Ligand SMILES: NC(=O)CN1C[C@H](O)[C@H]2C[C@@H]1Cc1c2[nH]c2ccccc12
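To begin, one chain is listed below as structure tokens, in the form solved without the named molecule.
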């Protein structure tokens, strides 16, 4: 059984479980079950399964070096798939809700879920709530008697919370902090004083890294009962680095990747996002370039968006990206080495995570 095959089969099983339970324990009728099946498929499937497959890969590594009965190998791999789906369904939650929050049009060359004719925002908000509730239903069902259940739920819960806090950092990133006030409509920053590397780093760490990198690695350790093979402060450091890198790639592609390939028309400029491009450009621009960026950023007008893209093009941001990439490659290699002291197997899984990130 290829890992991916096992992973995909477990989706089918988990889907059947959740829908069969709705019918037998929550009085659902067949049509509403079908609507939820479609919802689940539409919102959970079609991506790369990077996060969920990380859990599987980490567990697979430990299986190769640890003595177990066959049935135990199976149970561990099944747990790693369930845990991976918990993360994918968490992601699915965040995507449904974020797309609504941001008025997004497309996700993976298909309409965002709320835009489906028979969905609408009124249902989609709640569908997103259900998606995250299913992570917990999965956990309580499949992991009821597992020794790792407490630690898994407690971590999962902190990562979800961090992610929501990250969302708040992201949606408020173009405001002046000192002006935040629920009573007063929020103006866009004029000075862009908060477009700094440390501020950017805080957004990305919370919004993406905890759930995309830390949680899949640590879930893999927890289902393997292997958290003693690592120094958790290192696993955090390496996840922060790789996660930051991931987002900087995504930020560049929002701007420069053709929409057919991206699967999306990128709107970070019109949305006035604190992107790596913006922060990096502000870190090297001259006064006249800074005034021009300010006159044009955060505006729907396509000509103003083209002015911003031009400023970025002539600012030679490809140099800054190569240098940044160089330095991340350097630090990731260093942390992989430190990880080898307690676990070659876990260090190797992080190596694979990094290769898959660095080459995508």
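Positions refer to the first chain, counted from 1.
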item	value
Stretch with the higher entry mean CA B-factor, where the candidates are 290-298 and 29-37	290-298
Higher-B stretch (mean Cα B-factor, as the entry records it), 19-27 or 339-347	339-347
Highest-ranked of 182, 147, 83, 266 once sorted by CA temperature factor in the record	266
Options 202, 93, 110, 78 - largest CA temperature factor per the record	110
Chain-relative CA temperature factor third for residue 105	middle
Chain-relative CA temperature factor third for residue 284	highest
Residue 273 CA temperature factor, ranked by third within the chain	highest
Cα B factor band for residue 63 (lowest, middle or highest third within the chain)	middle
Cα B factor band for residue 262 (lowest, middle or highest third within the chain)	highest
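There is another form of the same protein, the form deposited with the named molecule bound; it is not shown, and what comes next is about it.
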query: The named molecule contact in the entry with it bound: residue 186, any heavy atom under 4.5 Å; finding: yes
query: 4.5 Å heavy atom contact, residue 149 to the named molecule in the entry with it bound; finding: no
query: Residue 174, heavy atom within 4.5 angstroms of the named molecule in the entry with it bound; finding: yes
query: Partner contact for residue 238 in the entry with it bound: the named molecule, 4.5 angstroms, heavy atom; finding: no
query: Contacts with the named molecule in the entry with it bound, stretch 252-279 (heavy atom within 4.5 Å); finding: 270, 271, 272
